[PDB]
Structure formats: C-alpha cells, structure tokens
Amino acid sequence: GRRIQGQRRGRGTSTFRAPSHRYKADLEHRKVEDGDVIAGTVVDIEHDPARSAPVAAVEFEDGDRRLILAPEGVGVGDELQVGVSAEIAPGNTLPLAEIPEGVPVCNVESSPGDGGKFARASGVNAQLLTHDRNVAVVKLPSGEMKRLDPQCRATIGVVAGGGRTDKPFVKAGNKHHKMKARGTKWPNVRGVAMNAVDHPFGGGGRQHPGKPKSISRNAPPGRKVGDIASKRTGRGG
Amino acid sequence: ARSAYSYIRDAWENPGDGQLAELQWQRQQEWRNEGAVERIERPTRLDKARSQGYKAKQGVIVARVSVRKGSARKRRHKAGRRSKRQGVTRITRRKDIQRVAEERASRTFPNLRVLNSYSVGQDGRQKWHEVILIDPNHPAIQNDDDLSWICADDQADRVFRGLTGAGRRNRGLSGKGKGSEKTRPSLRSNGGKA
Amino acid sequence: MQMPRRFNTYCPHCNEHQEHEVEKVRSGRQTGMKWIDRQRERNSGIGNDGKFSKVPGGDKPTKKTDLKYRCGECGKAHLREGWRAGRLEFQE
Amino acid sequence: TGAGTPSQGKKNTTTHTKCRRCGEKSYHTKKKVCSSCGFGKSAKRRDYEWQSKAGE
RNA sequence: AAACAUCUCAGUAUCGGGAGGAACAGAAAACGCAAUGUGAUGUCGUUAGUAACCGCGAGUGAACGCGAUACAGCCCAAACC
RNA sequence: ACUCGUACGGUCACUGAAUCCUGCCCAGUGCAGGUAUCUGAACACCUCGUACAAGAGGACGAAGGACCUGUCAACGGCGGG
RNA sequence: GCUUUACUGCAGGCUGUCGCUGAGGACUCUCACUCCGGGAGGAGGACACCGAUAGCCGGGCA
Ligand SMILES: [Cl-]
Ligand SMILES: [Cl-]
Ligand SMILES: [Cl-]
Ligand SMILES: [Cl-]
Ligand SMILES: [K+]
Ligand SMILES: [Mg+2]
Ligand SMILES: [Mg+2]
Ligand SMILES: [Mg+2]
Ligand SMILES: [Mg+2]
Ligand SMILES: [Mg+2]
Ligand SMILES: [Mg+2]
Ligand SMILES: [Mg+2]
Ligand SMILES: [Mg+2]
Ligand SMILES: [Mg+2]
Ligand SMILES: [Mg+2]
Ligand SMILES: [Mg+2]
Ligand SMILES: [Mg+2]
Ligand SMILES: [Mg+2]
Ligand SMILES: [Mg+2]
Ligand SMILES: [Mg+2]
Ligand SMILES: [Mg+2]
Ligand code: NA
Ligand code: NA
Ligand code: NA
Ligand code: NA
Ligand code: NA
Ligand code: NA
Ligand code: NA
Ligand code: NA
Ligand SMILES: [Sr+2]
Ligand SMILES: [Sr+2]
Ligand SMILES: [Sr+2]
Ligand SMILES: [Sr+2]
Ligand SMILES: [Sr+2]
Ligand SMILES: [Sr+2]
Ligand SMILES: [Sr+2]
Ligand SMILES: [Sr+2]
Ligand SMILES: [Sr+2]
Ligand SMILES: [Sr+2]
Ligand SMILES: [Sr+2]
Ligand SMILES: [Sr+2]
Ligand SMILES: [Sr+2]
Ligand SMILES: [Sr+2]
Ligand SMILES: [Sr+2]
C-alpha cells in the first residue's frame with residue numbers, strides 16, 4: 001500500500017513541524033556556580049506560544065535578561081532567587097535537597113543541571129514527598145512516584161495557567177488556531193474512513209476495522225495502529 | 001642476532017596479550033576521539049611499515065584511518081524483486097574494510113599515492129589501519145631507487161583501480177594456479193565472475 | 001492380515017529352501033553426510049531455496065508390506081515386492 | 001476550474017533560463033541547477049549512458 | 001523454464017570512482033599429460049559444450065596441456081655494517 | 001521530526017453537538033499479565049564417533065507456545081429446540 | 001491495484017549467544033563504554049549502545 005500518516009510525520013516536513021521560528025525561548029533554569037548569590041526581578045509577564053501559558057521575563061543581578069517558567073502567583077516587580085541558599089517561596093528555584101517535604105514543585109530536572117523536564121505544563125505540579133541523602137522521591141502529575149537525585153533543581157509552586165483544560169473549544173475554528181501553534185497535523189481523518197491502500201482499517205463496504213484493534217508492541221511501523229499493546233480496553237471489568 | 005624490529009613484530013602477533021594489550025586499551029581511547037583520517041609522524045608498527053616499503057624520508061607520509069565495523073549498509077528494494085534479490089541484512093560488500101580505508105586516506109591526500117597499509121586493531125564498533133602514502137612529485141622520492149617507480153603516470157590513483165597489495169589480494173590474484181581462472185588478468189575481463 | 005513369523009521358502013543365497021524369519025523393515029538413521037545433505041547447505045541461503053524450500057508430501061491410504069526375509073541357516077536376508085496391506089500382524 | 005486551458009493562464013513564473021556553463025535554456029533559476037549540463041550541482045558535466053542506445 | 005520460487009535473462013542495462021595510449025596481468029608457497037616431465041604474464045587457435053554445476057529440469061560451463069604470437073627478467077624487508 | 005514540547009502533554013485509534021442512555025457474552029481471534037510442570041534454537045559443556053573433522057545423542061533452556069488470568073466505548077456475537 | 005489464518009520470502013520488533021569487555025546461580029568493584037554538567041564533577045557500568053548469529057512474531061513490504 002502507501003505509507004500511513006504516522007509514517008509521513010517522521011520525515012519532518014513542514015506540514016508536521018512545529019512553528020519553531022515563532023517560539024520564544026526554552027525555559028531552562030539558570031546555571032549558577034554556587035552560593036545562591038543570584039537574584040533577579042520580574043520585569044514582565046508574557047505569553048508562551050508553545051505552551052499556551054504565561055512566562056516571566058527576569059532581569060538578574062549580573063545583567064542577564066531571560067524568560068522563566070512561571071508558577072502561579074508571580075507578578076512584575078517581584079524578586080526571585082535561584083541557588084542552594086535561595087529562600088523557600090513561590091517562584092524560586094533550588095535543589096530538591098534544600099526543598100522541604102510536602103511542597104508542590106514544578107519544572108523538575110531529570111538529571112541535575114539539565115534545566116527542567118517534568119511538570120512544565122499549565123496548572124500542573126510535582127509533589128516532593130520524601131527526602132534523603134541519596135534519593136529524593138517526587139510524585140509527578142501522572143501520579144507516578146519518581147526517584148530523583150536530590151541534586152535535581154526545581155521551582156517552588158505550581159505552573160501558571162491552571163484550568164485551561166476546563167473550558168471546551170466549542171468550535172473547530174478554536175482548535176484550529178491552537179493547532180497552528182503546534183507541531184501537529186490537524187484535523188483528523190479516521191482510519192476506517194480511508195481506502196485499504198492508506199491504512200490497516202481502510203476499505204470495506206461499510207466502515208469498520210476488518211480486524212482487532214489491539215496491536216502488538218512488536219508490530220512494525222505502518223502496522224502499529226489502533227490500540228497499541230493495550231493491557232485492556234473499554235471501561236468495564 | 002634478532003633485530004629490534006622483530007620485537008615489534010612479535011608483540012603484534014598477539015595484540016591482546018602483554019604490554020601491547022595495555023597500550024591498545026590506552027591508545028584506542030584517544031583514537032576514538034580523532035577524525036576519520038589522521039596523519040601521523042611515525043608508524044605504530046615500524047617493522048610492518050619498513051617491510052611494506054616505508055622509509056624515514058621526505059615525501060613519505062603515514063595516516064591512520066578508522067572505518068565503521070560490520071557488514072554492508074544497504075537500502076532495501078523499492079521496486080519488485082524475486083526472493084533472491086530481496087536480501088538486505090546478511091549481504092556484505094565485495095571490498096574489505098582495509099581497502100575502503102586506503103581509499104579514504106588517498107582522497108584526503110589527493111596528491112599522494114597509496115603504497116601499502118596494515119591493520120592496527122579495532123574495537124567493537126570500528127577498525128583502524130595505517131596507510132603509507134608517497135609524494136610522487138618530491139625529488140627526494142623521484143631519486144629513490146626503491147620508490148621512484150611510483151612516480152610513473154600509470155601509477156596515478158592506483159588505489160582506486162585495485163593496484164594495491166590489499167587490492168590485488170581482494171581481487172583473488174594471490175594464487176597463480178587453481179582458483180584464479182576468473183580473477184587473472186582482471187575481474188572485468190572474466191565477466192565479473194570471480 | 002496375519003503373517004507367519006517364520007516359514008519355509010526359497011533363500012536366493014543358500015540357493016535352496018530353508019526356514020526364514022520375517023521382520024518389518026525398521027528405518028535406518030541418517031548420517032547427514034550424504035551428497036544431498038551437502039547440497040542443501042551449499043544451495044540454501046537468502047530467500048527461497050528451490051527444492052530445499054519444498055516440504056513433506058502426502059500419504060497413500062494403504063502402504064505396501066515392507067519386509068525382510070532372513071534365512072535361518074546362512075543368516076542372510078533378502079527383499080521381496082510388497083503388496084498393499086492395511087495392517088500386518090505376525091503369528092507368533 | 002479545468003486542469004487544461006483555464007489553468008494555463010496562471011503560468012508566468014520563470015524557472016529554466018540560459019545556462020552560464022553550457023548555453024542551454026536549462027538553468028533552473030530557483031534551484032540554481034542546470035537540468036541539461038549539471039552546472040550548480042556538479043563540477044563534472046552531466047552525462048548518462050541512457051542518452052543513447054545501449055550498444056551505441 | 002511454455003505457470004513459478006532455486007535456476008535463467010546476467011554480472012547484462014544502468015549507476016559511483018579511476019588510469020592510459022593502450023589498460024590490467026606478470027617472474028611460482030605454480031603445474032600434477034605423476035614425471036628421469038613443464039617452467040613469469042597476456043592473447044589467438046584448440047583442448048570442449050569435455051570435467052564440473054543444475055526443481056539433476058530448462059539451462060550454465062572451465063582448466064592443465066598442445067599449436068601459435070611475443071618473449072625478460074628484476075627490486076626491497078631482515079641478517080652483517 | 002515530534003521538541004524553544006513534558007501527563008492541564010502528545011502520540012495511536014474509535015464514536016461524532018447538547019439531552020436521556022449505553023444491557024448480556026472473554027468460548028474463538030486480538031492485546032496484556034502470570035506461569036509449578038510440559039514444549040522451546042544457537043554458542044559453550046558432556047557421551048559416542050573421527051589419531052582430527054564431518055556426524056549421532058545428551059544435559060541446560062531465553063523469548064514464544066501449551067496452561068491460567070484480565071480485557072468488548074477489542075475484533076466481533078446475542079440462535080435453533 | 002487491493003486482501004488474507006494462500007505459497008514463498010524480505011524489512012522490523014522481542015529473546016538467547018559471541019565479540020566490544022576490565023578487576024575482585026547469586027555478588028562487589030572501576031578502568032573501557034554511555035549519559036548529565038560551562039567546568040570541577042555527578043549518574044550509570046562491564047550492562048547499555050553497536051557488529052555477528054540463533055529462536056519467535058512478522059500483508060509493514062515484495
Ligand atoms: Cl489540544
Ligand atoms: Cl593512490
Ligand atoms: Cl509391513
Ligand atoms: Cl607439463
Ligand atoms: K526473475
Ligand atoms: Mg525551556
Ligand atoms: Mg501548522
Ligand atoms: Mg475524524
Ligand atoms: Mg471512500
Ligand atoms: Mg493495508
Ligand atoms: Mg462504524
Ligand atoms: Mg459511523
Ligand atoms: Mg586483458
Ligand atoms: Mg516463464
Ligand atoms: Mg518444468
Ligand atoms: Mg553464468
Ligand atoms: Mg589445471
Ligand atoms: Mg640496494
Ligand atoms: Mg459521519
Ligand atoms: Mg550528549
Ligand atoms: Mg502482496
Ligand atoms: Na591520492
Ligand atoms: Na553453491
Ligand atoms: Na512461458
Ligand atoms: Na505468469
Ligand atoms: Na538450479
Ligand atoms: Na603432448
Ligand atoms: Na472471547
Ligand atoms: Na489495477
Ligand atoms: Sr530543554
Ligand atoms: Sr541546555
Ligand atoms: Sr475496513
Ligand atoms: Sr461494560
Ligand atoms: Sr586524479
Ligand atoms: Sr552457497
Ligand atoms: Sr532460505
Ligand atoms: Sr492421501
Ligand atoms: Sr474544488
Ligand atoms: Sr502565476
Ligand atoms: Sr549543489
Ligand atoms: Sr556520466
Ligand atoms: Sr619466455
Ligand atoms: Sr450525543
Ligand atoms: Sr480472550
């Protein structure tokens with residue numbers, strides 16, 4: 001047959017790329033020698049096209065102007081701190097080790113110094129649970145218990161823009177606008193609505209997959225469609 | 001008495017034992033950080049180099065080359081083929097890696113001509129060979145009784161035409177009798193069946 | 001059908017009638033060193049392997065007797081044409 | 001709108017132009033590659049054995 | 001191959017790289033008319049559709065030797081300096 | 001490539017606004033989990049065979065399968081008497 | 001051209017084995033190798049990646 005859409009994606013052609021030339025910046029934590037002698041002032045709150053959430057422009061003591069992943073409750077004029085000795089308040093960044101247990105955090109690093117990987121989306125937050133000298137236990141937004149190096153840096157508080165998902169798009173036109181700001185091909189044509197040549201589910205007098213949808217983890221690209229390695233399906237049981 | 005050279009030779013008969021083992025373990029670390037073709041002031045295997053024609057003289061250059069290990073790197077057939085010509089994974093190329101290495105080296109030094117080459121080990125993902133190249137335009141060589149032969153016009157790009165020792169072996173030209181019916185005088189003249 | 005385990009008949013070796021013992025031919029084990037075995041390895045590779053890609057044929061509804069006739073005095077055996085028989089049980 | 005006559009009216013783009021190297025009107029001014037001699041693509045001159053009968 | 005998969009078409013068409021006036025080969029870890037014999041290498045004639053291969057099908061297919069052409073044999077590495 | 005993205009994400013699919021609802025079936029097929037025992041290749045190992053090798057057999061046994069379980073807004077099914 | 005529990009194969013995925021690969025049926029270590037870090041250094045570690053091969057699945061493809 002022909003390659004399915006999922007295979008066209010990987011070539012990274014314009015149609016599937018994210019409008020990167022329009023993106024502002026990557027909200028990675030600052031790199032500090034030590035001492036925590038780094039503080040800056042929130043000079044402005046901006047819109048981040050890539051995340052549909054707000055971001056804060058900060059001016060640091062040493063003259064560095066950079067955008068930061070903003071937690072909720074951060075405003076212009078406010079002073080932020082980043083370091084081991086940083087104070088324990090919303091908007092500040094410091095290693096998990098220095099963070100007190102039971103404090104909601106965001107933009108948590110995976111490996112000390114990477115800049116933050118976890119909990120960066122609208123209104124989300126990781127929950128620092130357990131401490132230690134060798135392992136910091138964090139509960140990620142998905143509910144998973146993640147064991148992290150206590151040296152991994154994070155930002156106190158939850159990500160700004162929460163509740164974004166609580167309101168429906170109402171119309172296609174709204175979805176449309178959002179999609180134009182992401183690396184995504186939209187709208188979506190169902191597999192069963194295509195010709196046999198274009199998808200495992202195409203073809204047939206009436207629409208219906210001519211096979212079970214749960215596909216094996218080992219299936220090759222082009223065949224891995226539908227419910228991938230589902231441990232179960234439906235709502236019952 | 002034994003030449004000092006015979007000691008380098010003897011060490012290399014078992015590159016995985018003795019001091020040589022430790023040298024390689026150390027060296028390869030540096031080699032892995034070097035490029036595809038690195039010119040070097042002196043052969044790692046002196047005995048082998050001199051044995052192959054190397055001389056400490058102007059116009060004689062030595063370069064180490066690394067190449068990715070394994071079989072062929074082929075793209076599967078887009079157009080119809082019979083089971084036989086559908087093979088993709090276990091099919092290997094016809095030129096050994098030493099030969100590929102000799103050519104890359106010669107491309108790097110467009111003006112020099114490949115004289116010979118030898119192996120200097122490998123790790124799990126690549127192989128290294130050192131290549132001796134000669135400057136056919138340098139008078140120190142045009143006047144050498146043992147190397148001036150490589151200055152002839154018909155010796156230009158000799159490596160690309162299989163005129164190298166590694167080239168000749170790979171073309172099945174070693175044997176003078178049985179087995180060379182389709183290799184001598186050339187693979188092409190024998191319809192490419194060797 | 002029934003079959004006598006032993007009986008008098010002609011032995012093409014002694015060249016005279018003598019008692020024979022009848023036995024069903026038991027398959028001998030292969031060595032894997034015949035020319036055909038070498039050809040299979042030699043000619044099988046990537047893709048279809050011609051004859052070496054074919055698999056075991058079918059079966060006839062009834063097979064023919066596959067017996068050995070052993071002379072009771074010279075100890076040598078001879079073979080005979082077989083005849084279709086659904087079953088062959090020896091008497092004694 | 002038909003693919004024929006009506007769609008021919010929209011054609012006013014310049015692509016292939018006189019090539020600096022070979023002189024043929026085959027230098028694609030958008031790709032900056034000559035479809036006839038290879039200028040812009042290769043130092044060597046564009047050539048192929050299929051440009052003639054196999055045994056000639 | 002009166003289908004077709006091994007096989008065939010064929011190492012052909014076509015592609016990448018490279019030399020010359022011609023290329024390539026070439027002074028035996030050869031041959032093995034087994035010898036008290038030949039003596040670098042191409043090529044031509046023959047050996048021969050022979051040996052060998054092969055759903056042992058269709059088909060594929062040498063070599064030694066012999067008769068010719070032309071003939072030509074040398075240089076390193078190391079030992080010792 | 002997705003991605004200057006990180007589960008309020010984005011990938012893969014089905015249905016197709018709101019409203020009231022969405023029953024029964026896990027035997028077959030699919031996916032996933034488990035698995036005492038059974039089965040399960042190669043290398044290494046052991047016995048036989050070979051002054052060696054081919055080879056025959058053995059022991060061990062991964063995924064997988066047998067077997068058990070979960071699962072239908074998973075393929076689908078919901079009859080005759 | 002298309003389909004599939006048609007024939008035969010081929011990609012691809014999972015899995016064992018050998019090489020990369022080191023020291024003291026379960027284990028410790030660091031020195032290759034991998035990852036994080038501007039750097040110091042940290043995490044991991046003879047595994048993983050990669051080469052080879054074996055078994056299973058394999059209309060994604062021929
Ligand atoms: Cl969305
Ligand atoms: Cl060269
Ligand atoms: Cl019988
Ligand atoms: Cl002779
Ligand atoms: K064919
Ligand atoms: Mg960022
Ligand atoms: Mg867009
Ligand atoms: Mg749709
Ligand atoms: Mg349609
Ligand atoms: Mg299809
Ligand atoms: Mg439907
Ligand atoms: Mg419908
Ligand atoms: Mg010739
Ligand atoms: Mg035919
Ligand atoms: Mg036939
Ligand atoms: Mg042929
Ligand atoms: Mg011969
Ligand atoms: Mg001399
Ligand atoms: Mg509709
Ligand atoms: Mg990196
Ligand atoms: Mg098909
Ligand atoms: Na060169
Ligand atoms: Na063969
Ligand atoms: Na025909
Ligand atoms: Na046909
Ligand atoms: Na055949
Ligand atoms: Na004679
Ligand atoms: Na069922
Ligand atoms: Na058609
Ligand atoms: Sr980043
Ligand atoms: Sr970074
Ligand atoms: Sr369908
Ligand atoms: Sr239900
Ligand atoms: Sr040249
Ligand atoms: Sr073969
Ligand atoms: Sr095969
Ligand atoms: Sr039958
Ligand atoms: Sr239209
Ligand atoms: Sr126009
Ligand atoms: Sr170009
Ligand atoms: Sr050309
Ligand atoms: Sr002569
Ligand atoms: Sr509805
Ligand atoms: Sr089931």
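All chains are named by letter (A, B, ...) in the order of the sequence lines, taking the proteins before the strands, and each is independently numbered beginning at 1. Values reported hereafter were calculated over all heavy atoms of this structure, with side chains retained and with hydrogens, waters and symmetry mates removed.
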For [X] and [N], is the shortest distance between a side-chain N/O and OP1 or OP2 below 4.0 Å?
X        : N     : result
B/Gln24  : G/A32 : no
B/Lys176 : E/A27 : yes
A/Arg3   : G/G60 : no
C/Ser53  : G/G9  : yes

What nucleic acid atoms does [X] come within less than 4.0 Å of, heavy atoms only: base, sugar-phosphate, or nothing?
X        : answer
A/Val170 : nothing
A/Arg182 : sugar-phosphate
B/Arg82  : base
A/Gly123 : base
C/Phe52  : nothing
B/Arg90  : sugar-phosphate
A/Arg30  : nothing
B/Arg168 : sugar-phosphate

Quick check against the 3.5 Å criterion: does B/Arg184 have a side-chain atom that pairs as donor or acceptor with the backbone of B/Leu173?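 Side chain of B/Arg184 to backbone of B/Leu173, a donor-acceptor pair under 3.5 Å: yes, one is there.
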A/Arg8 charged N/C atom sitting above A/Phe16 aromatic ring, 6.0 Å / 45°: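 Cation-pi check for A/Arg8 and A/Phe16: fails.
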Any salt bridge linking A/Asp48 with A/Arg51? Criterion: basic side-chain nitrogen under 4.0 Å from a carboxylate oxygen.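 Salt bridge: yes.
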Whole angstroms only, please: what is the CG-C1' distance between C/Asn48 and E/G55?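 Distance check: C/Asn48 CG to E/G55 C1' gives 10 Å.
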Round to the nearest Å and state the distance from B/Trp25 atom CH2 to G/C31 atom P.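 It works out to 8 Å between those atoms.
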G/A46 vs G/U34: Watson-Crick/wobble pairing, cut-off under 3.5 Å: no
Quick one about A/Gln207 and A/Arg190 (side-chain donor to acceptor, distance below 3.5 Å, no hydrogens or angles considered), yes or no?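 The criterion, which ignores hydrogens and geometry beyond distance, is satisfied for A/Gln207 and A/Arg190.
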Compare the minimum distances between each of E/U14, E/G18, F/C2 and the side chain of D/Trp50, then state the nucleotide with the smallest one. E/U14
